[PDB]
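Single-structure report; data block below.
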Amino acid sequence: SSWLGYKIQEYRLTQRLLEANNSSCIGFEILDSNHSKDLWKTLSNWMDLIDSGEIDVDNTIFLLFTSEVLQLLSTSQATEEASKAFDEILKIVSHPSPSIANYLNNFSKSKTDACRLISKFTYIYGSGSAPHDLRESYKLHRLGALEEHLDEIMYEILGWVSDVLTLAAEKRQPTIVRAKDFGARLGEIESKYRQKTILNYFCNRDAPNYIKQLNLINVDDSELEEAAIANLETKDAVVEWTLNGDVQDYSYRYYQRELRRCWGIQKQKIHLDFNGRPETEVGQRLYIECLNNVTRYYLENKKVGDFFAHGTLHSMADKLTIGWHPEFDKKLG
Amino acid sequence: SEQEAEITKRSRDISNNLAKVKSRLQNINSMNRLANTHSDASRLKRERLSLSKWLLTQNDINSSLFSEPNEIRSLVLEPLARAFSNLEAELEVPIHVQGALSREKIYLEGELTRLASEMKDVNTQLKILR
Amino acid sequence: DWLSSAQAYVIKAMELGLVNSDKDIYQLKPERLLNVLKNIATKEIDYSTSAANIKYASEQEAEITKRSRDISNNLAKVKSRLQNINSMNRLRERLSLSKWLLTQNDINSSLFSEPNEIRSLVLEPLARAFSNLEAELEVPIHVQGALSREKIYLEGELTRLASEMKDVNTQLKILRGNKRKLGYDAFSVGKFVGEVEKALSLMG
Amino acid sequence: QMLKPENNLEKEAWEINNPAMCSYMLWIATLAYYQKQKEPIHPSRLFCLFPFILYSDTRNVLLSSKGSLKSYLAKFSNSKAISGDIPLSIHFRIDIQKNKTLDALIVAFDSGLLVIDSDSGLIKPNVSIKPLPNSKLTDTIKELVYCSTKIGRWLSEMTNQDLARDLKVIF
C-alpha cells in the first residue's frame, strides 16, 4: 500500500486512531510469561495518569502490542468481569520478586480504578494483513473518501504516527496520542493532497510552462491557484468577447506587445537595481511588481479587468516569451 | 511577560492561518463557479468548431481551385478539428474533481469554524489578561 | 454612490467586528447600514469573529466581483458604439477594397509563399470586380438617418455605467485591501476603526 | 492567411471567429443567393455577411426577425426606438472583418465550396455538394446558418444602387 518501512507498530496504532472520535488512545507500550516485569511496568506507568485528571476524562483507551493474564486484561469489557479479573490477578501466585512487587502493591490500591483500567484495556497482536486492514479501514471508515490517491496520504499519516511514536519512546512518558490531533493531522494531509495533486491539476490544464515558471519561483500555492483561475477566466473572457464580437481579433497582438514593453521595463528596473539577491527572490520581486502593474493598460483602447491582465501575463509566460526566473530558458524549453 | 509573548505568537499564527483559510475558500468558490463556466465556454467553442471535420472530409473528397499544392489545410483545418476532438473530451467536469471540490469546501468550512472558535477563545483570554 | 462605501465597510465589519447582522445586507435598508458602522466606531469590544460571518463575505465579495465584469462588458459596448457615433459627425469614405487587395499583392504571405498562385487566381479577380463598383456608384449618394438620439441615450448609458465603476470598484478596494495583510489580530481591528471614522467624518 | 497564431489569447479568438466555419457561412449565403435567380454573386455582397453574423448586436436580431429589407431596419430605428447605430456600423465592420472575410474566401476557394469565374470576379457555389441539414447542426450553427441564409436571400433583391442607401455601405 504505502511505503512499507513502517512496521505493524505504527500500522495498528494508526488503524485504532482512525476508528475513534475525540478519544485519546493512550499508551501503545510495545512489549516484545504470566509473571514478566514489562507487563506490570506498563500497567504501573498508567497509575499516575488515571490518578491525575489532566489526561483521563474517562474516555481514554489503553492497549498493548504483542499468557493467561493478557487474556484476562483483554477479554473484560464490563465492570463485573473487571472485578473478577482483579480477584484472579490478586490471587494467582505469591509475590515472586520485588521488581514486580513494587508495582503490584500499588496496583492493588483501588478496586474501582483498577476496574476502569481493565474496562478500557484491549490487548492486540496484529498480523501481516495490517497494511490491508489500514487500507480497508480508511476506505470504508473515512467520511468523504479520497480513493484516487490514498497510498501517499497513508504514507504521511504513518510518518506522523511513527514520529510521535519515536518521540514518545525516546523520552520518559508513555505514548499519549489524542484522536483530535490525529484527526487534525490527517485532515491537513487530506486537504494538502486534494487541493494540489488533483484539484489544481484539473484547473491548470502535465505541468505547463507557466505553472513551471511559477514553480521555479517556488511561491506559495495561493498564488498558484490565483494564477490558474486568472488564466482560465481570461481564456473564457476571450471566448465570450469573440463569440459576441466585442473586441476585434487582432487587438491581442497590440495588447501582448505592450506587455513585452512593460516586462522589459520592469526587468531592467528590478534586475539592474539589486544584482546580489537569489534568482528566485529577484524573480518573486519581478513577478509581484509586474502583477501590481499592467492593470491600467487598455485592450482595444478600452478598460479591461485585473483578471485579464493576470491571465494574459500567465499565457504569455506559457509560450516562453516572458519569464520570471532570470535563468528560465536554459531550465525549460 | 513571556506568557503574553507566546499568546501573541500563537494569535498571530492563528490569524495568518485563518487569512490563508479564507483566501483558500475564496479560491475554492472561484473554481467551483469556474468549473461550469469553463464547461459552458468549452461547449460554445466545441459548437463553433464542429464544422472542421466536415470541411476536412470535403477537402479530402473534392477538387480545389488552387493548382499549386498548398499547406493551408495542413496548417489551418486539422488544428481546428484537433481542437474539436480535444474539447469533446475536455468539456465536462469529472465527478471526482467535483467531489474533491465539494469535500475541500466543506473541510474549509470546518477549519473556518475551528479557527473561528480558536479566535473567540484567544480574544477572550486577551480581554481577561488585559 | 455613497451606499457602495457604506455596504463595503459593513461587510468587513463582520469579519473584524462585534456585529452579526443576520438580516441580509443586499436587502438591508440604507438607514440600517449606517447604524452598524456607528457601533464599531463608538465601542470596540467583544471581538467575536465567527465562520458564519466570514463565509458570508466570501460569497458577497464574489458576487460583487462577478457584477464588476458584467458592468465592464456593458461599459465596453457603450464605449464601442460611442466611437462609431463620433465617426459620423466627422463625415462617408470609400472603402476601396480593390486598392486594398493590391496592398496584399505587395506584402509577404508566409503560408502560400509562391506569389504566382493567389494573385493569378483570387486577389486580382477580386480586385477587378471590386474596381467596377468604384466606377458605377462613384456618385456621392447621401447618407442620412438622424443619429442624434443615439448620442443623447449613450451619454446616459455612459454616465450610469461609469458611475457604477466608481461605486463597484470602491467595494473591491475596501473588501480586498491587502491580500498579503488580511490580519485578524487585535492590531488589525484597532487600525480598522481609523478608516471607518474617516468615512463617517462627512455625514452632512 | 490566418494559421494558428503564436499567442494563447489570439488562438482562442481564432477557434471561434474560425476560418472553417467562416468558409461555410459564406457558402450558405452564396447558396441562398444562387437559389433565387441562378446568377453568380457579386463579391462585394459576401463581404457584408460577417458584419451581421459574427457579432451579437445583429445576430440576436436576425433570429427574432422574419421579414425582409426594411423590416429588419425598422427593428432598430422605430420598432423599439431605443438604438439604431447598428446598421450604420455595417460599413465600418467591413474594414474590421475584411481580414476575416478574404481568407475565409480562400478556404472556401479550396475544397470545392466557392468557385470564382476567370478574371471577371464572379463567385458561384457548388450545388453538387449537399449542405448539412438543420437536424445535424449544433445550437450555435443553427443560429448562423439561419442567419446566413436570411442575409443570403435578402441580398438577391439588393442591386448595386440600394446597398449605398439602405445598407449604408459604400465600396
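In the C-alpha cells, each chain is lettered A, B, ... as it comes, each chain's residues begin at 1, and ligands are numbered from 1 in order of appearance.
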Can you list every residue of chain D that has an atom at most 8 Å from chain C, with its nearest atom pair and the distance in Å to one decimal, using only C-alpha atoms, ordered by chain then number, as CSV?
```
residue,atom,partner,partner_atom,distance
D:1,CA,C:111,CA,6.6
D:42,CA,C:129,CA,7.6
D:43,CA,C:126,CA,7.0
D:44,CA,C:130,CA,6.9
D:82,CA,C:150,CA,7.9
D:83,CA,C:150,CA,6.4
D:84,CA,C:150,CA,7.1
D:85,CA,C:150,CA,7.0
D:89,CA,C:84,CA,6.9
D:95,CA,C:95,CA,7.4
D:106,CA,C:122,CA,7.8
D:116,CA,C:122,CA,7.6
D:118,CA,C:125,CA,7.0
D:119,CA,C:125,CA,4.6
D:120,CA,C:125,CA,6.0
D:121,CA,C:125,CA,4.5
D:122,CA,C:129,CA,7.5
D:160,CA,C:137,CA,7.5
D:161,CA,C:137,CA,6.7
D:164,CA,C:141,CA,7.0
D:165,CA,C:143,CA,6.4
D:168,CA,C:143,CA,6.7
D:170,CA,C:94,CA,5.7
D:171,CA,C:95,CA,4.8
```
I'd like the contact shell of residue 40 (chain A) - 8 Å cut-off, only C-alpha atoms, skipping same-chain residues fewer than 4 positions apart - returned as a compact mmCIF listing (two decimals) with C-alpha atoms, in the first residue's frame.
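Written file, result-v8.txt:
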```txt
# COMPACT_ATOMS: atom_id res chain seq x y z
CA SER A 36 7.02 -10.81 33.34
CA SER A 44 2.23 0.71 36.66
CA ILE A 100 7.17 -6.82 40.24
CA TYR A 103 4.28 -2.29 41.10
CA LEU A 104 1.77 -4.91 42.30
```
**Request:** Apply DSSP to the backbone of this structure and, from region 128-183 of chain C, keep only the residues in alpha helix (DSSP H); write these as a count of residues only.
**Result:** 38
Would you list the contacts of residue 66 (chain C) as a PDB file with N, CA and C atoms, in the first residue's frame, taking every protein, DNA or RNA residue within 12 Å and counting only C-alpha atoms, but skipping same-chain residues closer than 6 positions in sequence?
```pdb
ATOM      1  N   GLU A 233     -10.110  32.263 -16.393  1.00  0.00           N
ATOM      2  CA  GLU A 233     -11.067  33.351 -16.557  1.00  0.00           C
ATOM      3  C   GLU A 233     -10.718  34.230 -17.750  1.00  0.00           C
ATOM      4  N   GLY A 305     -10.250  44.129 -17.227  1.00  0.00           N
ATOM      5  CA  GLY A 305     -10.179  43.684 -15.851  1.00  0.00           C
ATOM      6  C   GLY A 305      -8.777  43.306 -15.398  1.00  0.00           C
ATOM      7  N   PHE A 307      -8.169  40.452 -13.843  1.00  0.00           N
ATOM      8  CA  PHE A 307      -8.067  39.041 -14.198  1.00  0.00           C
ATOM      9  C   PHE A 307      -7.569  38.852 -15.622  1.00  0.00           C
TER      10      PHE A 307
ATOM     11  N   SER B  30     -14.171  30.255  -6.321  1.00  0.00           N
ATOM     12  CA  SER B  30     -13.848  30.668  -7.683  1.00  0.00           C
ATOM     13  C   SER B  30     -13.730  29.466  -8.617  1.00  0.00           C
ATOM     14  N   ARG B  33     -17.289  27.959  -9.252  1.00  0.00           N
ATOM     15  CA  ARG B  33     -18.008  28.625 -10.338  1.00  0.00           C
ATOM     16  C   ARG B  33     -17.341  28.368 -11.688  1.00  0.00           C
ATOM     17  N   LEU B  34     -16.005  28.370 -11.712  1.00  0.00           N
ATOM     18  CA  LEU B  34     -15.255  28.296 -12.956  1.00  0.00           C
ATOM     19  C   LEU B  34     -15.328  26.934 -13.616  1.00  0.00           C
ATOM     20  N   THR B  37     -18.481  27.369 -15.579  1.00  0.00           N
ATOM     21  CA  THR B  37     -18.246  28.475 -16.509  1.00  0.00           C
ATOM     22  C   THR B  37     -17.346  28.050 -17.669  1.00  0.00           C
TER      23      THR B  37
ATOM     24  N   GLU C  59     -18.911  34.938  -0.276  1.00  0.00           N
ATOM     25  CA  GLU C  59     -19.948  34.924  -1.301  1.00  0.00           C
ATOM     26  C   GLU C  59     -20.406  36.332  -1.657  1.00  0.00           C
ATOM     27  N   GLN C  60     -20.289  37.277  -0.720  1.00  0.00           N
ATOM     28  CA  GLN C  60     -20.659  38.659  -1.011  1.00  0.00           C
ATOM     29  C   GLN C  60     -19.623  39.330  -1.904  1.00  0.00           C
ATOM     30  N   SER C  72     -18.489  45.936 -16.921  1.00  0.00           N
ATOM     31  CA  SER C  72     -17.409  46.218 -17.866  1.00  0.00           C
ATOM     32  C   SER C  72     -17.703  45.671 -19.256  1.00  0.00           C
ATOM     33  N   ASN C  73     -18.379  44.524 -19.346  1.00  0.00           N
ATOM     34  CA  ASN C  73     -18.822  44.030 -20.644  1.00  0.00           C
ATOM     35  C   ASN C  73     -19.948  44.877 -21.221  1.00  0.00           C
ATOM     36  N   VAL C 168     -18.616  50.356  -7.706  1.00  0.00           N
ATOM     37  CA  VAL C 168     -18.306  48.934  -7.548  1.00  0.00           C
ATOM     38  C   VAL C 168     -16.824  48.733  -7.235  1.00  0.00           C
ATOM     39  N   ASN C 169     -15.935  49.446  -7.938  1.00  0.00           N
ATOM     40  CA  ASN C 169     -14.504  49.314  -7.672  1.00  0.00           C
ATOM     41  C   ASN C 169     -14.099  49.915  -6.330  1.00  0.00           C
ATOM     42  N   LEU C 172     -14.584  46.733  -4.233  1.00  0.00           N
ATOM     43  CA  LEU C 172     -13.465  45.798  -4.349  1.00  0.00           C
ATOM     44  C   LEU C 172     -12.269  46.252  -3.523  1.00  0.00           C
TER      45      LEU C 172
END
```
**Message:** Within 7 Å of chain B, which residues belong to chain C? Use only C-alpha atoms and report them as an MDAnalysis selection string.
**Reply:** chainID C and resid 47:51 58 111:112 117 182:185
Prev. selection, N, CA and C atoms, output as an mmCIF file, in the first residue's frame:
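Saved file selection.cif follows:
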```cif
data_model
loop_
_atom_site.group_PDB
_atom_site.id
_atom_site.type_symbol
_atom_site.label_atom_id
_atom_site.label_comp_id
_atom_site.auth_asym_id
_atom_site.auth_seq_id
_atom_site.Cartn_x
_atom_site.Cartn_y
_atom_site.Cartn_z
ATOM 1 N N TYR C 47 -14.762 40.950 20.454
ATOM 2 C CA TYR C 47 -14.206 40.652 19.132
ATOM 3 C C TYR C 47 -14.531 39.199 18.791
ATOM 4 N N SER C 48 -15.779 38.973 18.385
ATOM 5 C CA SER C 48 -16.306 37.629 18.158
ATOM 6 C C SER C 48 -16.336 37.365 16.657
ATOM 7 N N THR C 49 -15.196 36.948 16.115
ATOM 8 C CA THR C 49 -15.122 36.566 14.712
ATOM 9 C C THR C 49 -15.655 35.149 14.545
ATOM 10 N N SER C 50 -16.658 34.992 13.687
ATOM 11 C CA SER C 50 -17.335 33.718 13.506
ATOM 12 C C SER C 50 -17.268 33.299 12.046
ATOM 13 N N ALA C 51 -17.325 31.984 11.826
ATOM 14 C CA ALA C 51 -17.287 31.443 10.473
ATOM 15 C C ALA C 51 -18.563 31.722 9.694
ATOM 16 N N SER C 58 -17.309 36.047 1.733
ATOM 17 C CA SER C 58 -16.673 35.445 0.564
ATOM 18 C C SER C 58 -17.661 35.291 -0.584
ATOM 19 N N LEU C 111 2.407 31.740 -45.966
ATOM 20 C CA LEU C 111 1.727 30.454 -45.997
ATOM 21 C C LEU C 111 1.681 29.907 -47.418
ATOM 22 N N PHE C 112 1.016 30.633 -48.307
ATOM 23 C CA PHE C 112 1.149 30.492 -49.753
ATOM 24 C C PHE C 112 2.210 31.461 -50.279
ATOM 25 N N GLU C 117 0.326 31.995 -57.520
ATOM 26 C CA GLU C 117 -0.899 31.220 -57.367
ATOM 27 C C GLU C 117 -2.081 32.063 -56.903
ATOM 28 N N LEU C 182 -4.455 40.477 5.396
ATOM 29 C CA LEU C 182 -5.848 40.443 5.936
ATOM 30 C C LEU C 182 -5.749 39.885 7.357
ATOM 31 N N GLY C 183 -5.093 40.628 8.247
ATOM 32 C CA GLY C 183 -4.823 40.170 9.594
ATOM 33 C C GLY C 183 -6.070 40.153 10.456
ATOM 34 N N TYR C 184 -6.087 39.216 11.406
ATOM 35 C CA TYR C 184 -7.222 39.013 12.301
ATOM 36 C C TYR C 184 -6.841 39.201 13.766
ATOM 37 N N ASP C 185 -5.694 39.818 14.041
ATOM 38 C CA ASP C 185 -5.251 40.049 15.407
ATOM 39 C C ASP C 185 -5.902 41.309 15.978
#
```
**Asked** Excluding same-chain residues fewer than 6 positions from residue 131 (chain D), what lies within 12 Å of it counting only C-alpha atoms, as an MDAnalysis selection string?
**Response** (chainID B and resid 51 54:55 58) or (chainID D and resid 24:25 27:32 113 125 137 145 149)
**Nearest to chain B by atom-to-atom distance, counting only C-alpha atoms, from A:20, A:158, A:309, A:199** = A:199
I'd like a table as CSV: residues in region 187-285 of chain A with an atom no more than 12 Å from region 83-94 of chain B, each row giving the shortest atom pair and its distance in Å to one decimal, only C-alpha atoms counted, sorted by chain and rising residue number.
```
residue,atom,partner,partner_atom,distance
A:198,CA,B:94,CA,10.8
A:199,CA,B:94,CA,10.6
A:202,CA,B:93,CA,8.8
A:203,CA,B:93,CA,10.1
A:205,CA,B:90,CA,9.6
```
